[PDB]
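Below is one structure, written out as C-alpha cells; the observations come after it.
There are 2 protein chains.
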Amino acid sequence: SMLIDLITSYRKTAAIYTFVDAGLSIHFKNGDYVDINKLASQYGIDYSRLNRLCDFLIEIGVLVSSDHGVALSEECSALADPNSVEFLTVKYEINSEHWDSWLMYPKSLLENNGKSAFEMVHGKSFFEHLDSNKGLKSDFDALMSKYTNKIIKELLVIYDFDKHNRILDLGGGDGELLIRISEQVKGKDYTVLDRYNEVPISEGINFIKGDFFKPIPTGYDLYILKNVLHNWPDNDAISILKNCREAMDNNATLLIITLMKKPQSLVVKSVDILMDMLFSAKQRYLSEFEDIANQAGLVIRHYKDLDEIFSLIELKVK
Amino acid sequence: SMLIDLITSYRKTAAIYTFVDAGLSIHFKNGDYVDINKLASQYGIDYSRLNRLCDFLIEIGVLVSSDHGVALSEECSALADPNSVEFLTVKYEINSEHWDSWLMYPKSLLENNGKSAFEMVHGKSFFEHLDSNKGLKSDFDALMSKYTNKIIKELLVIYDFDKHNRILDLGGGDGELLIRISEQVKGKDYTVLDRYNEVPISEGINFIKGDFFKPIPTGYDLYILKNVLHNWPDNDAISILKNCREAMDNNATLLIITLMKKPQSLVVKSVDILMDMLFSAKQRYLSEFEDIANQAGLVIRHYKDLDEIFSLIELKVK
Ligand SMILES: Nc1ncnc2c1ncn2[C@@H]1O[C@H](CSCC[C@H](N)C(=O)O)[C@@H](O)[C@H]1O
Ligand SMILES: Nc1ncnc2c1ncn2[C@@H]1O[C@H](CSCC[C@H](N)C(=O)O)[C@@H](O)[C@H]1O
Ligand SMILES: [Cl-]
Ligand code: NI
C-alpha cells in the first residue's frame, strides 16, 4: 500500500543512517563486494545483526548480494566516500537536532508562540546551537561547501566578477564561494562576514566577525547573500536587505543566490517545510523576493536560473 | 536520484505525522474537500504555514488540490478515521520512543552488549516504559487490535477452537483475540495473561495478572503466543517455551501466531530491524522456531500461513 509505505519509509532513512553513522559505508568503494563476517568482527558487532541489516538494505536497493559477497548498488555508490552530498546530508540532517524538532513541529503550528519547532526543543536558535556544538557546524559547513561547488561553473559564466573591485559575502561561513571565485578571478578585495568563534584563514581572503542585523560596511561594489534569506522570516529578511541598501552606493550590486520556490519542485517544498521547523523561515517565489526587496528600497534588475533548484537575483538601490 | 530520495524520504513521514498529530486529518473524511483558511482559523494555525505544509503533502500525493479546497487522495483516505492501521501506526511509531532510539541503533551494533538501542536511550526495557507512559500503551494496544482483526476470519476457518475447553492467551494484552474468538465460538473458558496496572473487563473473558517468565498455570488445553516471541532474543524466547512445555500436558496445544521471516519480504525485514532496535529480538524462520522449540522440548505438528505477513505454528509436548 502507498500510504503505509510513506509512513514507514522513515525506517529506510534510519537503516541508511546507521550503516553510515557506524562507519561501515566506507568499505564498499568502487563496486567492491564485501564479506560481512570480517566487517562484523572488524567493528566487534554481532554478525547475525549486521547480516539482517544488510538484508534490509538489499531489499530497498541500497546493496546487492552475490556469492562473492555484498556490494553497494551503482545508484547508491555515493555512501562510499565521506565527501558526497548524499553522505554529508546523512551526517548533517539525521540527528536529534532535526528529528526531535520534527516531533515538536505539530505543537509549534497549534501554539502560535513566535518560537520555531527547533527553538521549542533546544531553547536556543539553530545557529546559536552550532556555536555550542563544533561537531555539527563542521558537518553543516561541509554540506554547504558541496552546494556552492555545483553553482561555481555557471555562476562565473552568467555573472561578470571581473568588473568588481571590493566583494563582501554576508553570511558566507567558510568563504568557499569567495575562495572558488578568487581561484578564477584574482586582484580583487574579497571579504567574508559571518558569526565566528574563531576566524578562518585562506590566501587573499579577508574574514570579518560581524552580524548582518547591525549596519553593513560601505566601500564594497558587490554584496552577496547566498542561501541566507531562506533562514529568516519576512520581518528579519527585510532588516538584512535594509542594512544592505544603506551600505550600498548607486553603482553597487547585491547578489541573492537561493533555492527558488516553484509550483512543481517537491525538492524545494520539502526544504521549505524544513526551514519553517528550524528558523520559522521559508523558500520564496520571485514575487516574494520583489516584495521584501521593494520594502528594503531595493529593485530587481536581473533574474536567472543557475540550476534546476538554485537561481540568481541581481538587486540595486532605488 | 534514488539514494538522495531515500535519505530525505523521512521528511514525508514527518509531514504526514504533523498533519495527524495536530488533529487536522480528522476533517478529511468521505473524500470531503476542506478550506485551508478556516482549518487554520479553527486550531489557531497560521494560514501561510498550513498552506505550505498542504503544498508539500499535495506533492507526495497525500492531498489533492481544487478550487473547492483540498482533500485526501483516495490512496491516503485512511488518515481520516482514527481507527485505521495507517493512522494508528503514526500515533504508535512516530514519537521520541522509536526515533531517538533509531539514532542510537548504530551505537547498539558497534557495542556487542545485551542492551538494545531503546534500552540505551530510555535506560529501561520497551514494555517497562509503556507501564509508566499510559498514553502510548493505549495507542500500542489499539494498533495491535487492528493486526488481530485482519487475521480473525482466516484464523477461525483454519483452526478449530470448538475442540478446546480452557484457552489461555499468553501476553494477550486487551483480550481482542479472545474477545473476537468468543463471538463465533461461545461457552468456553477464555483467559488472558499479561502485565496489567489495572485489569480489563470483557464479558466471558478472564484476565490474569502474570509474567510468562514465571511458571505458567497448568490445566489449559490451548496456550496462545501471538506476536510475543518476536519481542524476545533466543535465550528469553526458549525460557517462555520452556515454561509453556512445563504447563502443557500430553493433550495440550501451543499456538504461535507471528510475522514469519521469508526471503523476499520488505515488510517483515523492516519490522525485523525494528525488533532488534527495540528489544534486541528478531522475526524467525520456520527452522529458527523449530530450533528454540526443540531446546524447549516442544515439537511442531502444524504450520500454515494465514495471510501474506502472518503465519500459524501448532506445537505439542513430545
Ligand atoms: N547574524 C548573522 N550575521 C552573519 N552571518 C550570519 C548571521 N546569522 C547566521 N549567519 C550565517 O549565515 C549562513 C547561513 S547558510 C550559509 C551558507 C553559505 N553562504 C554557502 O552557501 O556556502 C551561515 O554561515 C550562518 O552562520
Ligand atoms: N513478562 C511478560 N508476561 C506477560 N506478558 C508480557 C510480558 N512482557 C510483555 N508482555 C506483553 O506481551 C505483549 C506483546 S505484543 C502482543 C499483542 C497481542 N498478543 C495481540 O497481538 O493483539 C504486550 O501485551 C505486553 O504487555
Ligand atoms: Cl512472534
Ligand atoms: Ni492448515
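Here the protein sequences line up with chains C and A, keeping their order. Counting in the authors' numbering, the final residue of the first sequence is number 317, and the numbers go up one at a time with none missing. Counting in the authors' numbering, the final residue of the second sequence is number 317, and the numbers go up one at a time with none missing. Using N, Cα and C, we set each Cβ at its ideal position, and we do this for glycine too.
Legend entry - For C:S100, the residue or residues it bridges with in DSSP: Answer is none; C:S100 lacks a bridge partner.
Legend entry - Unbroken beta strand (DSSP E) run spanning A:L167, endpoints: 165-169
Legend entry - ligand 2 heavy atom lying under 7 angstroms from the CB of A:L192: yes
Inset, instruction - Answer yes or no: the CB of A:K281 versus the heavy atoms of ligand 5, is any distance below 7 angstroms? - result: You won't find ligand 5 in this model; what it holds is ligand 1, ligand 2, ligand 3 and ligand 4.
Inset, instruction - Return yes when at least one heavy atom of ligand 4 lies under 7 angstroms from the C-beta of A:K162, else no. - result: no
Legend entry - Paired residues, beta bridge with C:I291 - DSSP: Paired residues: none, contrary to the question.
Inset, instruction - Could you tell me which of A:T12, A:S64, A:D233 sits nearest to residue 331 of chain A, measuring between CA atoms? - result: Here chain A covers residues 0 to 317 and nothing more, so residue 331 of chain A does not appear.
Inset, instruction - Starting from the C-beta of A:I178, find all residues in its chain whose C-beta is less than 7 angstroms away, skip the five residues before and the five after it, and write them out in chain order. - result: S201, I204
Inset, instruction - Helix, strand or coil for C:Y195, going by three-state DSSP, please let me know. - result: coil
Legend entry - Through-space distance from C:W98 to C:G122, alpha-carbon basis: 15 angstroms
Inset, instruction - Jot down the residue ranges of each uninterrupted beta strand (DSSP E) in the region 109-197 of chain A, minimum 3 residues, whole runs only, in chain order. - result: 165-169, 188-193
Legend entry - Any heavy atom of ligand 4 nearer than 7 angstroms to the CB - residues listed: Listed along the chain, these residues meet the criterion: A:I157, A:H301, A:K303.
Legend entry - Per-residue DSSP class, three states only, for A:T88: DSSP places A:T88 in helix when its eight states are reduced to three.
Inset, instruction - Taking C:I35 as the reference, give the member of C:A21, C:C53, C:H229 with the closest Cα. - result: C:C53
Inset, instruction - Spell out whether any CB of chain C is found under 8 angstroms from the CB atom of A:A77. - result: yes
Legend entry - the region 254-269 of chain C touching the region 211-218 of chain C, judged by at least three CB pairs closer than 8 angstroms: No: fewer than three Cβ pairs fall under 8 angstroms.
Inset, instruction - May I ask you to list the residues that DSSP assigns as paired with C:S64? - result: C:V69
Inset, instruction - Tell me whether A:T147 counts as near ligand 3, meaning its Cβ is closer than 7 angstroms to at least one heavy atom of that ligand. - result: For A:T147, the distance from the CB to the nearest heavy atom of ligand 3 is not below 7 angstroms.
Legend entry - C:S144 Cβ short of 7 angstroms to ligand 1 heavy atom set: Taking the Cβ of C:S144 as the reference point, at least one heavy atom of ligand 1 falls within a distance shorter than 7 angstroms.
Legend entry - Run of the alpha helix (DSSP H) containing A:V267, from where it starts to where it stops: Here the alpha helix (DSSP H) through A:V267 covers 265-278.
Inset, instruction - Kindly indicate if chain C contains any beta-carbon less than 8 angstroms away from that of A:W98. - result: yes
Inset, instruction - Check whether the region 103-119 of chain C touches the region 5-22 of chain A, counting contact only when three or more Cβ pairs, one atom from each stretch, lie closer than 8 angstroms. - result: yes
Legend entry - Beta carbon proximity, C:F139 to chain A, threshold 8 angstroms: no
Inset, instruction - Have a look at A:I239, A:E197, A:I255, A:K241 and flag the residue whose alpha-carbon is nearest the alpha-carbon of A:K225. - result: A:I255
Inset, instruction - My understanding is that C:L129 touches C:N94, with C-beta atoms under 8 angstroms, so please give their C-beta distance in whole angstroms. - result: Not confirmed; about 12 angstroms, so no contact.
Legend entry - Residues that A:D161 contacts on chain C, provided the C-beta gap is smaller than 9 angstroms: Around A:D161, no beta-carbon contact reaches into chain C at under 9 angstroms, the shortest distance being about 34 angstroms.
Inset, instruction - Classify A:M143 as buried or exposed, calling it buried when 16 or more other Cβ atoms lie within 10 Å of its own Cβ. - result: A:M143 should be labelled buried.
Inset, instruction - Indicate whether the contact test is met: 3 or more Cβ pairs, each with one atom in the region 64-76 of chain A and one in the region 26-46 of chain A, closer than 8 angstroms. - result: yes
Legend entry - Within 8 angstroms, strictly: CB atoms of A:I166 and A:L221: Going by C-beta atoms, A:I166 is nearer than 8 angstroms to A:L221.
Legend entry - Member of C:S100, C:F86, C:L265, C:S131 whose CA lies at the smallest distance from the CA of C:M119: C:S100
Inset, instruction - Could you run through the region 103-114 of chain C and flag, in chain order, every residue whose CB is less than 7 angstroms away from some CB of chain A? - result: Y104, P105, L108, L109, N111
Inset, instruction - Just mark C:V89 as buried or exposed, buried being the case when its beta carbon has 16 or more other beta carbons within 10 Å. - result: Buried, because 16 or more other Cβ atoms sit within 10 Å of the Cβ of C:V89.
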